[PDB]
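Coming up is one lone chain in structure tokens, specifically the form deposited in one PDB entry.
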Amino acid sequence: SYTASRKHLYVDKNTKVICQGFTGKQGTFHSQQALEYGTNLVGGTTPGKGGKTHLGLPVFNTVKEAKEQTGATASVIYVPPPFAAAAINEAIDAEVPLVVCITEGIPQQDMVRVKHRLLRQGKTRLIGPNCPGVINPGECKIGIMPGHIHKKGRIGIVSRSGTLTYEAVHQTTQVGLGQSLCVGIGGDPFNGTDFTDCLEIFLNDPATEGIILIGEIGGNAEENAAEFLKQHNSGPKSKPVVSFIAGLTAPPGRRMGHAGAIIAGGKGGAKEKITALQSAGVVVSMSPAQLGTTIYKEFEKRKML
């Protein structure tokens, strides 16, 4: 049911996008970038501005109206923290297929309540919060990532960080490789999409021949993914997976920037996650500068280049 909506993650040229928090500083700036990148931003919403227009597009008071009036199959949220979970909740109630929440700062308690609702339905797929979004190189960009550094290709990339992911993407391009799709699931401890969600899509995507998983300390999503790959990416046709897990040098009990990047009560350590993934056949690049070269060698080794 919730797992059904996983398919919504695969944004493409036909995905139509609306922006919640459309007239704000962040939403306006990033809707400008989406438009110049080629994304299909057709409208947006802001409280009390239904009727007005912005960036040459219609603005609505509700997502229900905009979803209806514009045919949007996806929403991106730049609504400030006190109202961002409200925003996610509204797009869920309007049954927007894909909701990308960029907004950092949403109280954790707010996300736990949003999830209760989220997991008991199957229309809406949520990525975030505190995430940079999703991008199908050349077809669609939802979020704040630099589109120009991306080049359509064969590596599906899933990640808990923003800039660290761009580093990775850049590295693949410095060795002529490409990304089929990139999902920044973000740095919060409670969110709508995890690693397993993306790996599933990557494993079933013929455009994706390799996968890069970028993780860090905190939680158990990396271990869960390790578990899913042992189970599902084994066999005469498994796809190569390369990973880098940040935070090896991180001290215990401290939030390292991301609210979810914390080692507490003996859990969340980077090495346990590396070890877990290795056991699932994941080739871990010990250095964050060698993710490009590492996955190039993997293809090279399978004569996939």
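In case it trips you up, residue 1 is the first one in the sequence shown, and so on. Note that the rigid core is defined as the largest set of C-alphas that superpose within 1.5 Å between two forms.
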Check your understanding: At least a third of the other compared entries: do they leave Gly266 without coordinates?
Key -> yes
Review point. Mean CA B-factor: is it higher for 72-80 or for 216-224?
Key: 72-80
Review point. Averaged over C-alpha atoms, is the B-factor higher for 265-273 or for 43-51 in this PDB entry?
Key: 43-51
Point to revise | Highest recorded Cα temperature factor - choice among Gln108, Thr173, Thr103, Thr193 | key: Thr173
Check your understanding: Which has the highest CA B-factor per the PDB entry: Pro97, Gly184, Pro129, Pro137?
Key -> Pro137
**Study point:** Assigned third (lowest, middle, highest) for the C-alpha B factor of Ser279
**Key:** middle
**Study point:** Third of chain Cα B-factors occupied by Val59
**Key:** highest
Check your understanding: If you rank the chain by CA B-factor, which third does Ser243 end up in: lowest, middle or highest?
Key -> lowest
Check your understanding: For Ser161, does the deposited CA B-factor place it in the lowest, middle or highest third of the chain?
Key -> lowest
Practice item. Compare the C-alpha B factor of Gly122 with those of the other modelled residues in its chain, then answer lowest, middle or highest third. Key: middle
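There is also a form deposited in another entry; it is not shown, and the following applies to it.
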Study note, to complete from the structure: Shift test between the shown form and the other one (rigid core reference, C-alpha, 2 Å or more cutoff) over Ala259, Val59, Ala34, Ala280 hits only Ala259
